[PDB]
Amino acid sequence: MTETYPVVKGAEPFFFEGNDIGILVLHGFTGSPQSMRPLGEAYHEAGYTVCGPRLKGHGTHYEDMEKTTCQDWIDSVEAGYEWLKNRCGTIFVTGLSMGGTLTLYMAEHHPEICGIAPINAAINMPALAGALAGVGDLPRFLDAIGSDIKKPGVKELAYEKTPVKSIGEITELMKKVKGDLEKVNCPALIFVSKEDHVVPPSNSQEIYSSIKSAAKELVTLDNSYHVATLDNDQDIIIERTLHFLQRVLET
């Protein structure tokens, strides 16, 4: 497909030029780089090169998203990874929700990646994927999934409708990544919200148990819902990721 609508103000990807170490920062389904930009800014301020790509069909219009495929989203991620590889020798990946799914995807396919930090990553979404299990035609769109945030007054820049056509795409992605979790190698810092109304927190426990990383941690966020990167525990995500990155680099 090709996008028909321009990028909404605030949904632009970020390409921050820094040192020889690159962080790939991935947003989720119906979302945009706006949910990830505070993290990207913090990581760039620590000196890193940072790429926060915009998934195809995201940050424009949900009619654009309706036309995209899970391979389109993989392609957006891989292109951000290639931009980093052009200027960095060491690369880490982090991402929220389906961006966390894509974080795991990258570790499953790229043994060169030095560590990952998935945040509320999704391998099973019974409310979303399960929408396809009923008899009889579903409507074209479901309700928005965005802005599951505990801190009052915070709005995620995400679409106001969920295209049912896109649900099969995220389902295919989750099946593939779940099936390949044993290929995840590398140091892993897995963040999960205690209460998450979008991605069941047990996802992250299963991810933790299924990957083969010799260095892995599960950190539970006690004051955030799903979009933790914009929520009360944003500071914990940033600080602990920076410590993790430094520890992998030093050790």
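Don't overthink the numbering: it's just position in the shown sequence, from 1.
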property: Of 233-241 and 20-28, the one with larger mean CA B-factor; result: 233-241
property: Mean C-alpha temperature factor, higher of 178-186 and 62-70; result: 178-186
property: Of the residues 115, 80, 118, 136, the one carrying the largest Cα B-factor as recorded; result: 136
property: From 106, 154, 173, 125, residue of greatest CA B-factor; result: 154
property: Cα B factor band for residue 54 (lowest, middle or highest third within the chain); result: lowest
property: Third assignment of residue 142 from its chain's C-alpha B-factors; result: highest
property: Among modelled residues of the same chain, the CA temperature factor third for residue 212; result: highest
property: Relative C-alpha B-factor of residue 33, binned into the chain's lowest, middle or highest third; result: lowest
property: Within-chain third of residue 90 by Cα B-factor, per the entry; result: middle
